[PDB]
Structure formats: structure tokens, C-alpha cells
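Next up is one chain by itself, shown in C-alpha cells, the form deposited in one PDB entry.
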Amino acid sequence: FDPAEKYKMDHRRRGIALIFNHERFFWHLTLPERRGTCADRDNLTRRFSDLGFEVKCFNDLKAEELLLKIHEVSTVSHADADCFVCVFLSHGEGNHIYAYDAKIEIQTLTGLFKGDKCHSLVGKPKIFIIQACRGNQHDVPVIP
């Protein structure tokens, strides 16, 4: 048992970084525009590209499109990849992330990459990054 054990990261490819970037939402959701998200998308694209990731960006996908695209990436072989990265830049509600038109259960999205659904990522890191509010409380400042 080696306390210093590292994930094997000497595969042919680093792997895919999926970025779902949501700037505007279906009018009847009454969700504010996410001005500055495109800077975040571009910034994450440069940074993950420099770490060897194949960065795949999708802007303002509706629920059907987002679910098709992420299912697709879950079903391609990651056998020659180090890891998988998935970024959501959007609004959230409880355990849900918003697409353009509707919210999706985050567990439906991570569930596609669990060992029983995605054999080629078994033993490999699955990293989810979520820029979204997780409620309606501002945290308050304090001093040493």
C-alpha cells in the first residue's frame, strides 16, 4: 500500500474536456443572462488545452441536445485517455443544472460515467466542474 500512489497519466491522450456554456435561457424560465460566461469558456479552453485535453465546447444547448452530446462522449472509448473532464457554466436548482430550456438532474449526467455505464473510464478520474449558484444565501464576511 503506497501512500504516494498517483493515477496512471501516461496514456496516448489526456482525454476530453466537455464545456457546456449557457449565456441566455428560454424566456419563460425567467433566468438572468450570464454576461462574462464566454470569457470563462475561452479561459477554461486555453487552460485545459495547455494541459493536453481535447476541449469540446457547446453553447446554449437545449436539454435534448446536451443529453445526446454527453451520452455520445460517455459511449466513445476512453481506453487510451488519462481522464474525463466535464464543465457546466449555467444556473442550477437543487441537484439540477439548467440547459437552455429546462433543468437536468446532475446525477443523470454523472451517472453516464459510473463504472457500470462507462467501462473504459473505470480506474480513471471523472472530474465535474460546475459554475452555478446552489441557493439564495450570500455568505457573510468575518475577521481573524
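For every residue, the number given is its place in the sequence shown, counted from 1. Here the rigid core means the biggest group of C-alpha atoms that line up within 1.5 Å when the two forms are laid on top of each other.
A second form of this protein, the form deposited in another entry, is not displayed here; the remarks below concern that form.
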Sole member of 29, 79, 39, 51 with a C-alpha shift of at least 2 Å between the shown form and the other one (core-superposed): 29
Yes/no, residue 97 Cα shift of 2 Å or more between the shown form and the other one with rigid core fixed: yes
Large Cα move at residue 118 between the shown form and the other one, threshold 2 Å, rigid core: no
Closer or farther: C-alpha pair residue 89/residue 102 in that other deposited form, relative to this form, given a change of 3 Å or more: closer
In that other deposited form, whether the C-alpha atoms of residue 122 and residue 96 sit closer or farther than here (change of 3 Å or more): farther
